[PDB]
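The listed protein sequences correspond, in order, to chains A and B. Following the working numbering, the residues of the first sequence are numbered contiguously, the last one being 1551. Following the working numbering, the residues of the second sequence are numbered contiguously, the last one being 66. Notes for the one structure printed next.
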Amino acid sequence: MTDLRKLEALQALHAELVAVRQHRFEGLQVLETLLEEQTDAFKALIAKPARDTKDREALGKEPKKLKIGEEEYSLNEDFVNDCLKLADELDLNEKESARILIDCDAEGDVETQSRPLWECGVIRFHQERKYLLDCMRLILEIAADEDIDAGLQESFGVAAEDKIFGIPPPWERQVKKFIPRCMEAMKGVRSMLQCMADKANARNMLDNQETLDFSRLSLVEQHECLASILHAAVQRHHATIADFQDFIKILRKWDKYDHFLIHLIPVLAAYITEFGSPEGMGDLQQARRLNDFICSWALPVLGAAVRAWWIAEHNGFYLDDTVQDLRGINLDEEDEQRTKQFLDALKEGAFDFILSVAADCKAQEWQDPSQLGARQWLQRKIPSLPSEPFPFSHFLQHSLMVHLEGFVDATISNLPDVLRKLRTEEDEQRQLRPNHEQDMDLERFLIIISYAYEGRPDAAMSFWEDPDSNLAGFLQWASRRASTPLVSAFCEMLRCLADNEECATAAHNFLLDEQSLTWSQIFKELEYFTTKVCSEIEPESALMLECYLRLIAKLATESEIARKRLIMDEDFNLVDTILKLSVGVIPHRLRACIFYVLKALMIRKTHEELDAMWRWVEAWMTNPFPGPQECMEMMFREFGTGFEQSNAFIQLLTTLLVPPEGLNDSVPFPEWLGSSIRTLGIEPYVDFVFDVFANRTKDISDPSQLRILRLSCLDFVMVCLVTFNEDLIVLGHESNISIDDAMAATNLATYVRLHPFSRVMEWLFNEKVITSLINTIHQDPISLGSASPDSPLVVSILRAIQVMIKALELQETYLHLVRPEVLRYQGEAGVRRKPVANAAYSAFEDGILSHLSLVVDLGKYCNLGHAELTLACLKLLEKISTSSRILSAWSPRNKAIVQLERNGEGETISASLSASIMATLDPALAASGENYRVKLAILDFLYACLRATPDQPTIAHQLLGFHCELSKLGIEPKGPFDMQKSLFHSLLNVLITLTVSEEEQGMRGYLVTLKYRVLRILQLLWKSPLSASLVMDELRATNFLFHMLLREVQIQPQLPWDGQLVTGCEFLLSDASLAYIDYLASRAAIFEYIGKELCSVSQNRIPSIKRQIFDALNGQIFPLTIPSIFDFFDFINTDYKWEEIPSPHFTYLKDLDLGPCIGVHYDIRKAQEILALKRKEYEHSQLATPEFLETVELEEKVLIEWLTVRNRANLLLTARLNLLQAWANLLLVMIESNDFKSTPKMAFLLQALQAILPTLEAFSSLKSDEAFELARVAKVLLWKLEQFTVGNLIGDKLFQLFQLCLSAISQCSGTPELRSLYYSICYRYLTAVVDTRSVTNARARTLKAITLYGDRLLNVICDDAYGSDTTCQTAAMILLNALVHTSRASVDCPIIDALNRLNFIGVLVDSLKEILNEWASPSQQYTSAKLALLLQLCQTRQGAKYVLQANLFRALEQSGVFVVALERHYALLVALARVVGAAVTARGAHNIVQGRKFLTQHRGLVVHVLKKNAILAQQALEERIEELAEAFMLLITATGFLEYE
Amino acid sequence: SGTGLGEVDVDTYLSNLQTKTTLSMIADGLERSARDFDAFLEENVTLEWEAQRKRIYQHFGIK
């Protein structure tokens, strides 16, 4: 929007500043326009108007109407009370509080948080200052960024100078400075916090605790922002002596140690650096006065640290006598004074306080267990923090480290003699009284140095570039003979000074000899301690050993030369020493450090290193100084005690299982591991890991340690499982022993027997494992909500879900190609193994189907926002719903539907899913947008849940907002789905508001996939009759099809797909084919839904929606216009030639067919193996193998594409077909169910005819699948039939269509159904259209068109007659009658002669026999049409000769043929008598003999009919009898039987 | 109301439409054949001897 309030404006400004900070300058003008609107806001940092009594009285007198600026509002008894409460809580003016509450009400934040209005007002008031200060902080930070353009760096600087500091720019120009305003603001914030704490303690000594905590967080953040702004202002040299004295006085009056001091220490540090150090107002006259003034305090350590810093920064002046004047001033006196002052400051605990502050600054919730107890062995007497949740930022830590390293450099380059004398005094004290422990000043200082130089290689390199500088000098001097604490501190410093590889290599080269410390003395001391332990130990020795181990591990992890040298050094033997030391009696810390050192050494390794490591491990575990089987388990149980050593050993094992090539054959361990002794190889290790993870997880009290151990175990299991070849074993078991030789079989057998995958699965089939897993996944929601995305709990849950997924995937492979082989091997050979699996649990689902809270926890974990965790939970739920045993146990009433209806879990899950799918996505990060991935995962889950077992309800129906009842569904009153607020309605909304028509690219791909998945889900819900009625009701009540049509887009060969054109050859190979198929399926589903709804509305006899549907279809909306249905018929185009494909030459591999490749799906591997075998045979033939090889290769690179192309093409084809079918169906529903007049719609009929004309002309005889769909609709619409032009056009189109039908009939194309459709189309044309110069011309032209084909078509018509099909034969029989009639209408006829030449009359008359057996029913109508055709021929004079030569008199006798059944019998008799009479009377006196013979042989029967003639069924029977009598009388009078007498 | 009231499905709707079209075509063909036959008989009998053809038989055969 644009009319944003204060909160929204500040939020937008903060977002723009953060974007610009992340190297995104797409909002420069936006920032320039925003900074001008909030100038009054940036002028004053924070200021709350004092509570006025006038406004209070005015609000309390007439709380009816309020006027704020230009707006007016109405006040009520509740809003006035809220205003008064807010003003009393925050002591804010009534007007400002009223404005804040009006803004809160307008924004409508009461429902988003569900809290009192006054609490929301307070939250908004805090957010105001929060953002107002964060904007200034980010502005000042960007103004000093060196990695950006100088222009913007100066623009932001001048903007901050003009707005924040209120100092006008150089091109222009009572007021108060910025430092006093900031100081007053900080004082007010402190007083407000104090008053809030006091009032809270008074009232508590509720539902507002979280609000108070958030307010305190906002206040401390605002204080930190103000401190950073003040530090920046001081660094800009905008301070004076008055502010310095005021700050010093405020410090002297400090009461309690808290985060405020840690936030203000940079302020005074910068003050001293500007005034104290010669890096600013270097006035020696003022410097001496400041020194005399600084040199009351409520905390002596603060004064000591301040004096030490001032002395360290002031020594820069007393260096030379050329840059400044030092005349008439003594040096030795001042030197001794500063020395004694610094010694006093040290004795008071300056460095101790500095170290405590540095430690409390980086206080992390969790720390790596590889550095436990490090830098935490001192005697700290400074009170600790209250442990309240006040986490620090990153800029503050950076500034603190910068200041610390600067102070270190100053102290090292200015006071070397001080450190020398301090070290000598400490040494003398420790010598003259070893029983006592001297001060830790030097150790604390070295630890502070280490903390300063951490993660900053740019500054760490300074200690190695110039080896003859002050830094390198002190580094080399601090390595001489000293005590254990100093050596430990130096080792820790070296460790922390190895953030990269270059620093690690530099430290390695500096420590070794090219006296100072050397590796020789280190290893000598190590061997001495080893021999002493093996033939007590003091804490100092243990600390020294731990420090040495940590340093070695860090060097090996960072450097490479040291890792490659020390690992195989013959003079050191580090591995031997650490192994001899570990086997001794020592705490677990040393063992953990040794394990971490080994891990570091083995983080990158090769075959020889792995072999040596395994050799040493076996040698030291087989006889550690009692049989080996006992010693190994003793050592395992010893290393299992605790968590540090156990976790370190687990990590070492996990690292050792990684192959040297990195993350397929050559399992990462020697195949001969444990061959000497009778051991299973590596199985004992996995067995111990699993039993520890299963049983020894109860002795861990620290939740963090338990989480870390579980994460390590899950990582180990995943590393063991991912190192198993699945496809390899499948191909082996398939073709190795059955096709290939038995040579490589031994390799696969050994791989399957030695790989721990089988044992891992066997353990996974245990109840302890799944119980531990479901307990770890089962945690309270508050922990996950308050935890960090990188928290160990989330990572452990993710690893557990991944392990479960991998197990569910590989359980089949295990039970099939692992279990039987292992069993056979154990039965044949001699192996002693202990089963750890449950025989009852036939599958992995048997052990977990008894846990119902798992799905509940998985669903509740969806409202956390973690993309990976959400996707994992969705995949797990999908796989669970896809199984069969779980749903068989749940629904054998049910257990799942009741589990999710305990405390409204389903409702909140549906709400979270709706809020997620409603969340927008990033157009740039389409395929990477976590939101889109979560949406696709949810859609796939719903699809899989609805597709499996659709008849019976499932969890999907409940999540959609339906009342899942036993074999029944329903909706509840006032429920979420009833109020149109549910997952289904959310999907509908996000679908109708989705636009795919773009300009930069056009027809995007991922939106198409989203809508395709949504439509698939909708179709699955519709087809299910259990969830069809309510769905249709809810859809038709919201005008879904209307919104869909409004969102439709026309397709044309010009609009490209994702910037790619369709005609391009790469289209078939690119991914646009998927989007095209998806769009086709979407159109098909939309057309199907429209047709179904139209049919339903039409069959319900209600014009309420009928006329609306027809208006939307015609292109008008009551007016908004839209393309009609005929416009969407643009996907039928043969120009692309999807069927035709250019076949390359393929000079070689031509004989390689796609037999074994082939639901048209040609597998590529079936041909890949064939071509590989052929290439191998060709190479073995040794005939120009190297040269032509390339040829073959590229040939493959062709055929692969070819294959895929076909597949793609095939898909497209069927897709089109589907769509077409749907369209056809829709069109049918549009023709029959249409009560509207016919003359107005005639235009649409002509348009459809014109559109289908080219389609039929292009697919007249190509394919017989779409022809049926396009011909049945034509047949239908042909029977449902200014005016002169319309009639002429109709006649022309019908005459044109009549040609292709006869063409296809003569060519014998398609199946009998398509031929019957063509026959009907031609029959309704030759019977109604033709039946007056125009009529004669049309008849002659049709006869000419028929003669053009001639007997070629009559032959097929006769062939398809009296055949297998029942309808095609009758259609052909009727078409023959129509043809002969139309031909006679034009004394002879060529059609009868052609039929006689084809021997059709002969077989037709021969089939007359057994007519009684054949005679509503299809056979009845077929025989009726046959007799009608036969009678039609007996009317012509020429046909008489052929009908007589056919000898039908002897055929009608063998049949023995001579109220409704009687009517049909009389009708058949009438037909036969008519045929006989016509045949007799056609020729003349040549057939009278046959007539007389027939009348004499059948005398008497005709007499009954002639005497009979002399309610509806009765009249029909009488009419049939009359017709029979008339036919017999005609036969008699034509034969002349009277003359015979 | 809606969602089904003595209604049918699209799969059966199209089948019923096709069956009705086929039955109507067969009925129209039968009616046209009958009408053509009746017209032919009327044209062939209207020449002469309309009532004599039956009177000769009524006189010869038993009335």
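Backbone N, C-alpha and C define an ideal beta-carbon position, used for all residues, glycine too.
Does the Cβ-Cβ distance between residue i and residue j come in under 8 Å?
| i | j | result |
| --- | --- | --- |
| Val805 (chain A) | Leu721 (chain A) | yes |
| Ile459 (chain A) | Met411 (chain A) | no |
| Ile815 (chain A) | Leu887 (chain A) | no |
| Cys1399 (chain A) | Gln1445 (chain A) | no |
| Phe500 (chain A) | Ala482 (chain A) | no |
| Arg601 (chain A) | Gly383 (chain A) | no |
| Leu1440 (chain A) | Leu1389 (chain A) | no |
| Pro963 (chain A) | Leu1036 (chain A) | yes |
| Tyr1452 (chain A) | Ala1382 (chain A) | no |
| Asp39 (chain B) | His1391 (chain A) | yes |
Take residue i and list the residues in its own chain whose beta-carbon comes closer than 8 Å to its own, dropping the five residues that flank it on each side.
| i | result |
| --- | --- |
| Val497 (chain A) | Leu527, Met554 and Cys557 |
| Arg134 (chain A) | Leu17, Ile110, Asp113, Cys114 and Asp119 |
Could you give the first and the last residue of the continuous beta strand (DSSP E) run that contains residue i?
| i | result |
| --- | --- |
| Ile258 (chain A) | It is not in any beta strand (DSSP E) - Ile258 (chain A) instead sits in the alpha helix (DSSP H) that spans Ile251 to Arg262. |
| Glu82 (chain A) | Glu81 to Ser84 |
Hey, quick one: how far does the alpha helix (DSSP H) through residue i stretch, first residue to last?
| i | result |
| --- | --- |
| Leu76 (chain A) | Unbroken run through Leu76 (chain A) is the beta strand (DSSP E), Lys75 to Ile78; no alpha helix (DSSP H). |
| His324 (chain A) | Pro310 to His324 |
| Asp675 (chain A) | Element bounds for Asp675 (chain A): n/a, residue is neither H nor E. |
| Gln219 (chain A) | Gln219 to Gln245 |
| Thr1376 (chain A) | No alpha helix (DSSP H) holds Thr1376 (chain A); DSSP gives it neither H nor E. |
| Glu736 (chain A) | Per DSSP, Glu736 (chain A) belongs to no alpha helix (DSSP H) and is neither H nor E. |
| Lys357 (chain A) | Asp342 to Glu358 |
| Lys1290 (chain A) | Counting along the chain, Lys1290 (chain A) falls outside any alpha helix (DSSP H), and DSSP gives it neither H nor E. |
Return the residue from the list the options that minimises the CA-CA distance to residue i.
| i | options | result |
| --- | --- | --- |
| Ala308 (chain A) | A:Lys266, A:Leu1001, A:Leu162 and A:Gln295 | A:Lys266 |
| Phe1050 (chain A) | A:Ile1087, A:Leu998, A:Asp1088 and A:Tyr1089 | A:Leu998 |
| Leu949 (chain A) | A:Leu1001, A:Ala1461, A:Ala752 and A:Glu975 | A:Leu1001 |
| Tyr1172 (chain A) | A:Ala1481, A:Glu1150, A:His248 and A:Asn1217 | A:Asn1217 |
| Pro669 (chain A) | A:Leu662, A:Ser1243 and A:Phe679 | A:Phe679 |
| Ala658 (chain A) | A:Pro694, A:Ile718, A:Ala1268 and A:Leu44 | A:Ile718 |
| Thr1144 (chain A) | A:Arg647, A:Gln1109 and A:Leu1222 | A:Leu1222 |
| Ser84 (chain A) | A:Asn91, A:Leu76 and A:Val90 | A:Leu76 |
| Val543 (chain A) | A:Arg1282, A:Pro597, A:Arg834 and A:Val627 | A:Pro597 |
Tell me which same chain residues have a C-beta within less than 6 Å of the C-beta of residue i, skipping the five on either side of it?
| i | result |
| --- | --- |
| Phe767 (chain A) | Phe734 |
| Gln439 (chain A) | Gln448 |
| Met202 (chain A) | none |
Near residue i, which residues of its chain fall below 7 Å by C-beta distance, leaving aside the five closest residues on each side in sequence?
| i | result |
| --- | --- |
| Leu274 (chain A) | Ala237 |
| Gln245 (chain A) | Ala280 |
| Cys1378 (chain A) | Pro1322, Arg1325, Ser1326 and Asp1370 |
| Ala1261 (chain A) | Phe1136 and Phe1139 |
Cβ of residue i versus every heavy atom of the ligand SAH: is any distance shorter than 7 Å?
| i | result |
| --- | --- |
| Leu881 (chain A) | Only the bare structure without any ligand can be found here, which leaves the ligand SAH out of the picture. |
Secondary structure, alpha helix (DSSP H): runs of 4+ residues fully inside the stretch 1454-1525 of chain A: Every alpha helix (DSSP H) stretch that sits fully inside the stretch 1454-1525 of chain A and reaches 4 residues is listed by chain position as 1461-1464, 1470-1493, 1498-1507 and 1511-1519.
Secondary structure, alpha helix (DSSP H): runs of 4+ residues fully inside the stretch 840-900 of chain A: Listed in chain order, they are 863-870, 877-892 and 895-900.
Inside the stretch 1073-1098 of chain A only - alpha helix (DSSP H) runs reaching at least 4 residues: Within the stretch 1073-1098 of chain A, the alpha helix (DSSP H) runs of at least 4 residues that lie entirely inside it are, in chain order, 1076-1079.
Start-end ranges of the alpha helix (DSSP H) lying completely within the stretch 1177-1264 of chain A, minimum 4 residues: Within the stretch 1177-1264 of chain A, the complete alpha helix (DSSP H) runs of at least 4 residues are 1195-1241.
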